[PDB]
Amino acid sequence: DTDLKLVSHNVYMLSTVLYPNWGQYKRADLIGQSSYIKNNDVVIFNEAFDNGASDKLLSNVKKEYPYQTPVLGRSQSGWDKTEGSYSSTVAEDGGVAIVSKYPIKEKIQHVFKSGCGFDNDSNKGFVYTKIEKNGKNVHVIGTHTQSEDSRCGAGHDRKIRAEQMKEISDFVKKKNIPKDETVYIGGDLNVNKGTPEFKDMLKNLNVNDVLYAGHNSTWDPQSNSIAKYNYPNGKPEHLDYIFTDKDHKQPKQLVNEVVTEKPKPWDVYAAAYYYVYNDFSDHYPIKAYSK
């Protein structure tokens, strides 16, 4: 009715200056040609860091999703409001963008005030959109929260995520969005399913849990060729979600499906080594919808 089909995907579009050989441009095209990216209402991207590769990706999906936000933290242009700890002086944007098949009526970027000082060179945060479907409004917040960084510390990473999630939920409450409109909150939330922290996330984001489908992890060194390479030893975890605020209208029966679609194999002929991969990113995308 106003309920949406969404995808969220951390696309691993690292800086092509710092990480020249991660197939960023090749993957921007493959993602655009994929099936999972198609036939949704709204797509949330995370780790759209490299400006050129990210803009290519966004361009690759513009015909289907003509209404697009800028990428979080790139500049103040194109936003209805910029808030949080927005910095001109950070070399890296926040990598979050939202595209929509339906007109975006309002777009706000919020760079997180909470974070870690020895990788604070990112405008990480959330992007809020109000979207009009069938003359009615629906709200989508896309985000990407503090990674499990071995330098900041596990305990600190968890506290950072808590505060960042509270920034989102505070934003939602202060926005005074009428309770008869749904507010989706999704992205790479970096909290593993089935953990003590997971219960905290539901409270801090003010969301209900969802029904799950498909694969049982979203970052999976056992089946994903990119994750496998980077962290051969890694435990698969389920880190990407799309939830709705629990005090606003609920979808009929929200599902999060972890999609394991793979592109045709693609290579990087680095001077040092040759490598072949067959994933869009080191994370799998989530598709959310109600059946």
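So that there is no doubt, residue numbering starts at 1 and follows the sequence shown.
Enquirer: Which has higher Cα B-factors on average according to the PDB entry: 120-128 or 98-106?
Expert: It is 120-128.
Enquirer: Tell me which stretch has the larger mean Cα B-factor in this entry, 218-226 or 237-245.
Expert: Result of the comparison: 218-226.
Enquirer: From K193, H139, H144, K81, pick the one with the largest CA B-factor in the entry?
Expert: The C-alpha B-factor peaks, among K193, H139, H144, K81, at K193.
Enquirer: Sorting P251, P232, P66, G32 by Cα temperature factor from the record, which one lands on top?
Expert: Checking the PDB record, the top C-alpha B-factor among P251, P232, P66, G32 is at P232.
Enquirer: Where does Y86 sit by CA temperature factor within its chain: lowest, middle or highest third?
Expert: Highest third, going by the recorded CA B-factors of the chain.
Enquirer: For the chain shown, is the CA B-factor of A213 in the lowest, middle or highest third of its modelled residues?
Expert: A213: CA B-factor falls in the lowest third of its chain.
Enquirer: According to the PDB entry, is the CA B factor of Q76 in the bottom, middle or top third of its chain, that is, lowest, middle or highest?
Expert: For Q76, whose C-alpha B-factor we compare with every modelled residue in the chain, the answer is the highest third.
Enquirer: Pull the Cα B-factor of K38 out of the PDB entry and bin it into the chain's lowest, middle or highest third.
Expert: Ranked within chain, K38 CA B lands in the lowest tercile.
Enquirer: So where's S169 on the chain's Cα temperature factor ranking, which third?
Expert: It falls in the middle third of the chain.
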